[PDB]
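Asks: model the following, please.
(2 chains, ligands or ions: 6)
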Amino acid sequence: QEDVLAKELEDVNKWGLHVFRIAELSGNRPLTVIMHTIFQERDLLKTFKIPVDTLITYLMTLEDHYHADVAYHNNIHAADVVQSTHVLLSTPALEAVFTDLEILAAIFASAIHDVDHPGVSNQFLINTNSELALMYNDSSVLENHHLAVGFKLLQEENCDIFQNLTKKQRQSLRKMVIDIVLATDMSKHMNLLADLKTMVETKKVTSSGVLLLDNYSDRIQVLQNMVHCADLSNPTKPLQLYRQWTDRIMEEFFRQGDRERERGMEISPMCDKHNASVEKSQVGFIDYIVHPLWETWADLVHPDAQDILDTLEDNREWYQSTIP
Amino acid sequence: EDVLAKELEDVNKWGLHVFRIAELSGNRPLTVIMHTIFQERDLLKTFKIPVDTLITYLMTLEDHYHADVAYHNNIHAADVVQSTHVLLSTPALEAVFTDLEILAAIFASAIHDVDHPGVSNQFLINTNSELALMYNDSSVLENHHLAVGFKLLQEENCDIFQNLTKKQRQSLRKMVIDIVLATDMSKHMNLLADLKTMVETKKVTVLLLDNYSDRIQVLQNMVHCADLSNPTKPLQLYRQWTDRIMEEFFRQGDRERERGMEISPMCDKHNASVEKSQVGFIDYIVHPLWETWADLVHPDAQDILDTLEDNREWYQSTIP
Ligand SMILES: COc1cc2c(cc1OC)[C@H](CCc1c[nH]c3cc(F)ccc13)N(C=O)CC2
Ligand SMILES: COc1cc2c(cc1OC)[C@H](CCc1c[nH]c3cc(F)ccc13)N(C=O)CC2
Ligand SMILES: [Mg+2]
Ligand SMILES: [Mg+2]
Ligand SMILES: [Zn+2]
Ligand SMILES: [Zn+2]
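Replies: Numbering: from 1, shown residues only, chains lettered A, B, ... in the order given. Ligands and ions are numbered 1, 2, ... in the order given. Take a look at the structure below.
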């Protein structure tokens, strides 16, 4: 079983990694084993003097703080977003663009970006007067919480994976991680995409053919959109993966809708299992959210992401074909 | 009590004897001043607030201001409440704000510094505090003041909004959050820039503010002006506020020094210039803000601006 797991982890640089198989083969530790593999692949332990036992201890505690009883926003989703960000960071158009600290920030942000997610939306938490919404003043409620948990866990016994960074490195990393995770709030998507489109329309490329990003605002914007794309990457994956993600998000949505129905609340979009169209909802998700975003990312890194965009378009056609 | 009632008759006047009221009321200036203002504005009947619920909430809220913090305590909260109350009555703002917007501005003022520990956001961030960890370094104190102020409504017989409709509670909550978050001093320059832009594009008959974006911006700047109103008050009050903020700053500097931290501006008691700092505070923060406010409400802010300019002249004269 360990041999099979190691073989599967050889695919860590590939879009379409068998992340559900890795979750089972690793004993429900996909986030730990995928993060560890990526840190080794990128030489991050040596670069940042991260003791291996500290990394494993932190990763296992972080993974434990994802809810094993939530169908979508669990440790498998976190592992998938980590690995997807890892692939996007390796795109030819970004070669030598980001520092080791920025790479570390994007990967760490991906790992923590949904930690302790309860399986219900920000709006549900606001409308039910939850403790989380009271703590965070209705403003990026979940995303503020994910950050606070992900950072607080570094303070547990033998968990400070950043113990050997300089003070300036720790300060810079913390700010970048906050900026990245807060950009995963879906209420920020339209403004984030509008800004990415502006960057594409005005993009500068160096003599080596890579993106020129010469200020913090542009650098963090690219990292924010990269992790947002990874977060919204399910419809761009091979169909057998995509369909499993759809099954999982629908289960989580339907459970939220059942709670809304019981409380006499209006049921959130796509959350009413008695009036659902799973297939039309995927086509709409792609047409209005995922394709606009991925077509723009593909333009930023053209032509690096053409195969990913082609898969997204094929999957849209497939879901559309099930409707009639 | 008879003296206390006499002092509270000035509740509509800039320059209320708020320290006297704090003394006369047994250190309950926030409770007695809020109660008086809710009566003056008929807010208890308008929003069907039971008087015992109002008093219970106000005393609980006031208890969560720290009595051992020299500036950011219940007296400051009462002063900001009363200052906002006066600014809401500016003639140029006649007919601008609804009763719910008035309630939101007053409630926001009352809670806007609750549970303040007497140290800055930057101190909380640099000391890796629990507050900064909770709030991701962003408007750390202001998010906490809101969370405490709202959480206390859930204590026994404390829900003063129990008889507001569902939509009214939702709208009030949003407005209160928007106002208190705008009291973060790191937002001052953006707030002032937008206030200036409103002045440049202003329409009047008296101000006409059709868009909610514009109205909330005025309420944000209004409570921000009230928060930054000490140098516009009669000098005897202003000097007490200066003594208190300097004591609070110096204690933060003492903690920073004992920890071996870099001492924050104005916080080093061994290298302070209290009077030069007041003149700079007026010249760079308070006068630019209040002059822009005065333009927005031209000419209704003239007496307040006159007091600020007199006080700046006096503090400058104390510098040899
Ligand atoms: C595999 O499929 C999904 C995956 C995910 C979602 C929805 C999916 O499928 C409809 C939602 C998107 C939220 C959202 C905001 N506006 C929308 C508008 C839409 F039309 C659809 C979704 C959204 N997520 C979390 O909750 C992320 C993962
Ligand atoms: C009575 O006097 C005061 C009262 C208050 C302050 C400073 C006072 O006096 C120097 C500071 C202003 C913060 C601040 C931000 N940038 C600044 C730039 C400056 F030049 C001065 C202050 C500030 N406050 C809270 O901390 C509000 C109350
Ligand atoms: Mg999320
Ligand atoms: Mg404050
Ligand atoms: Zn996510
Ligand atoms: Zn204040």
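Asks: go ahead and confirm residue A:126 touches residue A:132.
Replies: No. With contact defined as CB atoms under 8 Å, residue A:126 and residue A:132 do not form a contacting pair (9.1 Å). No exception for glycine: its C-beta is placed from N, CA and C like everyone else's.
Asks: name the residues contacting each of those two.
Replies: residue A:141 (CB atoms under 8 Å, 6 or more residues apart in numbering or on different chains).
Asks: show the contacting residues for residue A:225.
Replies: A:183, A:192, A:193, A:196, A:293, A:297, A:300.
Asks: any idea how far ligand 3 is from it?
Replies: Distance, residue A:225 to ligand 3, using CB to the ion, to the nearest Å: 15 Å.
Asks: so that residue belongs to a helix, correct?
Replies: Yes. Residue A:225: assigned to a helix according to DSSP: H, G, I helix; E, B strand; the rest coil.
Asks: so how far is residue A:194 from it?
Replies: Separation of residue A:225 from residue A:194 (CB to CB, to the nearest Å): 11 Å.
Asks: repeat that for residue A:269.
Replies: Counting by CB to CB, the gap from residue A:269 to residue A:194 is 22 Å.
Asks: who's in contact with residue A:103?
Replies: With CB under 8 Å, 6+ apart as the criterion, the residues that contact residue A:103 are A:42, A:44, A:89.
Asks: which of those residues tops the neighbour count?
Replies: Scoring these on neighbours with other CB atoms under 10 Å in any protein chain shown, the highest-scoring entry is residue A:89 at 22 neighbours.
Asks: contacting residues around it?
Replies: Contacts for residue A:89 (CB under 8 Å, 6+ apart) come out as A:98, A:103, A:106, A:107, A:226.
Asks: I'd guessed the fourth one sits against residue A:87; true?
Replies: No. Because the distance of 11.2 Å does not satisfy CB under 8 Å, residue A:107 is recorded as not touching residue A:87.
Asks: between those two, which is the more surrounded one?
Replies: Higher neighbour count among residue A:107 and residue A:87: residue A:107, with 22 against 18, using other CB under 10 Å.
Asks: mind checking the SS state of that one?
Replies: helix.
Asks: any idea how far it lies from residue A:229?
Replies: 14 Å.
Asks: stretch A:104-118 close to chain B?
Replies: No. Stretch A:104-118 does not reach chain B (CB under 8 Å from any CB of the partner chain); its nearest approach is 11.8 Å.
Asks: check the offset of that stretch from the chain's centre.
Replies: How far stretch A:104-118 lies from its chain's middle: 7 Å, per CA atoms, centre = their mean, to the nearest Å.
Asks: ok, now stretch A:221-237?
Replies: Relative to its parent chain, stretch A:221-237 has a centroid offset of 7 Å by CA atoms, centre = their mean.
Asks: same question, stretch A:306-315
Replies: Here stretch A:306-315 is found 19 Å from its chain centre; the criterion is CA atoms, centre = their mean.
Asks: can you show me the CA trace of it as CSV?
Replies: Taking C-alpha atoms only, stretch A:306-315 is exported to CSV below (Å, rounded to 0.1, in the frame of the first residue of the first chain):
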residue,chain,number,x,y,z
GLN,A,306,-4.6,25.7,-23.2
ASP,A,307,-5.1,22.1,-22.2
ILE,A,308,-6.8,23.0,-19.0
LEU,A,309,-9.1,25.4,-20.8
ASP,A,310,-9.8,22.7,-23.4
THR,A,311,-10.8,20.2,-20.7
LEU,A,312,-13.1,22.8,-19.0
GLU,A,313,-14.8,23.4,-22.4
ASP,A,314,-15.2,19.6,-23.0
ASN,A,315,-16.7,19.1,-19.5
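Asks: what's it in contact with?
Replies: In contact with stretch A:306-315 (CB under 8 Å, 6+ apart) are residues A:15, A:235-239, A:242, A:286, A:290-291, A:294-295, A:298.
Asks: cool, and stretch A:6-25?
Replies: For stretch A:6-25, the surrounding residues in contact (CB under 8 Å, 6+ apart) are A:1, A:4-5, A:29-30, A:33-34, A:37-38, A:41, A:75-76, A:79-80, A:83-84, A:86-87, A:90, A:236-238, A:241, A:244, A:307-308, A:311.
Asks: about what we covered before: between the contacts of residue A:89, which is nearest residue A:207?
Replies: Using CB to CB, residue A:98 is the member of the contacts of residue A:89 that sits closest to residue A:207, with 18.2 Å.
Asks: helix, strand, or coil at the closest one?
Replies: coil.
Asks: buried ones in stretch A:62-79?
Replies: A:62-63, A:65-67, A:70-79 (16 or more other CB atoms under 10 Å in any protein chain shown).
Asks: again, but for stretch A:186-195
Replies: A:188, A:189, A:192, A:193, A:195.
Asks: for the last one, list the residues it contacts.
Replies: Contact criterion CB under 8 Å, 6+ apart gives residue A:221 as the residues in contact with residue A:195.
Asks: state the distance from it to residue B:232.
Replies: Shown here: residue A:195 relative to residue B:232, a distance of 40 Å by CB to CB.
Asks: who in the stretch 151-300 of chain A is up against ligand 5?
Replies: residue A:231 (CB under 5 Å from the ion).
Asks: return the residues of the stretch 151-300 of chain A in contact with chain B.
Replies: A:151, A:152, A:174, A:175, A:178, A:182.
Asks: once you drop chain neighbours, what's closest to the second one?
Replies: Sequence neighbours aside, residue B:133 is the residue nearest to residue A:152 in space, at 5.9 Å (criterion: CB to CB, 6 or more residues apart in numbering or on different chains).
Asks: and the residue of the stretch 201-324 of chain A nearest ligand 2?
Replies: residue A:216 (23.0 Å; CB to the nearest ligand atom).
Asks: kindly report the residues of chain A close to ligand 3.
Replies: With CB under 5 Å from the ion as the criterion, chain A meets ligand 3 at residues A:114, A:184.
Asks: show me which pair in the buried residues of stretch A:186-195 is furthest apart.
Replies: Distance extremes for these: the farthest pair is A:189 and A:195 at 10.9 Å, using CB to CB.
Asks: coming back round to it: so of the contacts of residue A:225, which ones are in helices?
Replies: A:192, A:193, A:196, A:293, A:297, A:300 (DSSP state H).
Asks: mind putting these into JSON lines with distance to ligand 4?
Replies: Converted to JSON lines, those look like this (distance: CB to the ion, whole Å):
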{"residue": "A:192", "distance to ligand 4": "30"}
{"residue": "A:193", "distance to ligand 4": "35"}
{"residue": "A:196", "distance to ligand 4": "35"}
{"residue": "A:293", "distance to ligand 4": "38"}
{"residue": "A:297", "distance to ligand 4": "40"}
{"residue": "A:300", "distance to ligand 4": "41"}
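Asks: can I get stretch A:167-181 in PDB? Just the C-alpha atoms.
Replies: Output in PDB follows, covering the C-alpha atoms of stretch A:167-181 (Å, rounded to 0.1, in the frame of the first residue of the first chain):
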ATOM      1  CA  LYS A 167      11.500  38.300  11.300                       C
ATOM      2  CA  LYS A 168      11.000  40.200   8.000                       C
ATOM      3  CA  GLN A 169      10.300  36.900   6.200                       C
ATOM      4  CA  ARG A 170       7.700  35.900   8.800                       C
ATOM      5  CA  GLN A 171       6.100  39.400   8.500                       C
ATOM      6  CA  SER A 172       6.000  39.300   4.700                       C
ATOM      7  CA  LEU A 173       4.700  35.700   4.600                       C
ATOM      8  CA  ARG A 174       1.900  36.500   7.100                       C
ATOM      9  CA  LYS A 175       0.700  39.500   5.100                       C
ATOM     10  CA  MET A 176       0.800  37.600   1.800                       C
ATOM     11  CA  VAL A 177      -1.100  34.600   3.300                       C
ATOM     12  CA  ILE A 178      -3.800  36.800   4.700                       C
ATOM     13  CA  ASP A 179      -4.100  38.600   1.300                       C
ATOM     14  CA  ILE A 180      -4.400  35.300  -0.500                       C
ATOM     15  CA  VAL A 181      -6.900  33.600   1.700                       C
END
